[PDB]
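Below, in structure tokens: the form deposited in one PDB entry, a single chain.
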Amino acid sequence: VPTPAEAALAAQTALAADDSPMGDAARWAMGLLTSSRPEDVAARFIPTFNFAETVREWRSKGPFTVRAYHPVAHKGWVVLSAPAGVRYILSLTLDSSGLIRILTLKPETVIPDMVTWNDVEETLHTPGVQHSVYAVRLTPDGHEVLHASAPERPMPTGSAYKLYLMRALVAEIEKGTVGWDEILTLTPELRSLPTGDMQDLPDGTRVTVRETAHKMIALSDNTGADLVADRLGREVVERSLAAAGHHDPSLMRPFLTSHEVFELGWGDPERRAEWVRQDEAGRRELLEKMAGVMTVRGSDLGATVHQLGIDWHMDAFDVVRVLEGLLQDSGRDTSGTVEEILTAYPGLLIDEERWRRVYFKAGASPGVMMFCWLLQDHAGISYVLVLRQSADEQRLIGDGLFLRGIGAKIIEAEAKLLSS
């Protein structure tokens, strides 16, 4: 086990050596903090990207020492110590060519090493937040429950819904009504907000179903998801939900696009009240009328609307079922297309000597955070972990590093918590 000094030194050296998009960005960002220029900033950020003031304020909190460095593909975190033992985390999210989309410096998210499931529960519990932890081992003869808190509660899950959209897509591929190499076309009407990168492509951009689905999962690409949902059609997605593993499809009817959640959730307040008072028919009618180019921007987001049904609600059993179903879907697809999409982004640094495959999905909306993994070892033993939080106030949940970090610690302690 590396001692504190060893660990910090290893992180510092790894940051310096990391020849990757994340390494480049993390070093540049750290340079902003440790150094003493508008065009250089412009070149490092997404083209649609106050900042000088933000950097002045960050710098006022140093000097900083790198204590940990956690690059994970397009997302990365650097743990910093400032004077007097105060710690911060620098968080980076990149686009597909390594341009910075999000850069934040925030008080450290503290997660202890976990020994028991009660450590997880007592760490996670936050007054005003509903949470759920569900962990199982998949077997021939059903699931062995390792730990459960409120798995039966249906909760909003944000982009977990893209797991159902993936199963719907695979079902249509198997039927031969859609193909992996079929071309989808981005239009102004199909463009959604981030998470994702496909929104930054020009109008008329032609992309395969394969690459669109890949980004839908690996980047949680909302525009990719909406492109797939448009191609398949809402009714086709909704008719798939029962078989895909959802216990009460009516909770996700009409099955919303991300564009619809954004536009309805944070646009016209009257239109949102009409949703609340309407039945399924009136809601479908409202959505059809709402079709068009988005008016809502990222800056408009904030207030919670999941409690109005403007999200995607499922219980923990539903998540386990969709993941187990996807594992089955992947196995049946001898081309490996499904597998490539599902395993592209595991959301953490994975011990590949232990885990042969890992599926991962995150979801987040104001007042909503969730992470789930399927992890299968080289013998073929699979575990599923489902973490969920919901609140009426987004500040009670935060940016998701807490819930994901709790996931990371469970997986680090798999020998105690999953495979004991």
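A residue's number is simply how far along the shown sequence it sits, counting from 1.
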Zero if continuous, otherwise a range: how many residues of the deposited sequence are missing coordinates between residue 36 and residue 37 (none, 1 to 3, 4 to 9, 10 or more)? 1 to 3
Missing residues of the deposited chain between residue 49 and residue 50 number 4 to 9
Should the higher mean CA B-factor in the entry be assigned to 134-142 or to 118-126? 134-142
Pick between 106-114 and 217-225: the one whose mean CA B-factor in the entry is higher. 106-114
In terms of CA temperature factor as recorded, identify the highest of 83, 76, 267, 325. 267
From 185, 177, 258, 199, can you pick the one with the highest C-alpha B factor in the entry? 177
Would you check the entry's CA temperature factor for residue 62 and let me know if it's in the chain's lowest, middle or highest third? middle
What third of its chain's C-alpha B-factors does residue 374 belong to: lowest, middle or highest? lowest
Going by the recorded CA B-factors, say which third of the chain residue 285 sits in, lowest, middle or highest. highest
When the modelled residues of the chain are sorted by Cα temperature factor, does residue 275 land in the lowest, middle or highest third? highest
How does the C-alpha B factor of residue 42 compare with the rest of the chain: lowest, middle or highest third? highest
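What follows is about the form solved in complex with a small molecule, which we do not show.
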If contact means a heavy atom within 4.5 Å, which one of 356-364, 55-63, 22-30, 38-46 is the stretch that engages the small molecule in the entry with it bound? 356-364
Can you pick the one in 327, 79, 129, 148 that has a heavy atom within 4.5 Å of the small molecule in the entry with it bound? 79
Residue among 257, 212, 195, 240 with a heavy atom within 4.5 Å of the small molecule in the entry with it bound: 195
With a 4.5 Å heavy atom cut-off, would you call residue 371 a contact of the small molecule in the entry with it bound? yes
Residue 348, heavy atom within 4.5 angstroms of the small molecule in the entry with it bound: yes
Please tell me whether any heavy atom belonging to residue 75 falls inside 4.5 Å of a heavy atom of the small molecule, as the geometry stands in the entry with it bound. yes
Indicate whether residue 399 is a 4.5 Å heavy atom neighbour of the small molecule in the entry with it bound. yes
Heavy atom of each of 70, 159 and 220 within 4.5 Å of the small molecule in the entry with it bound: yes
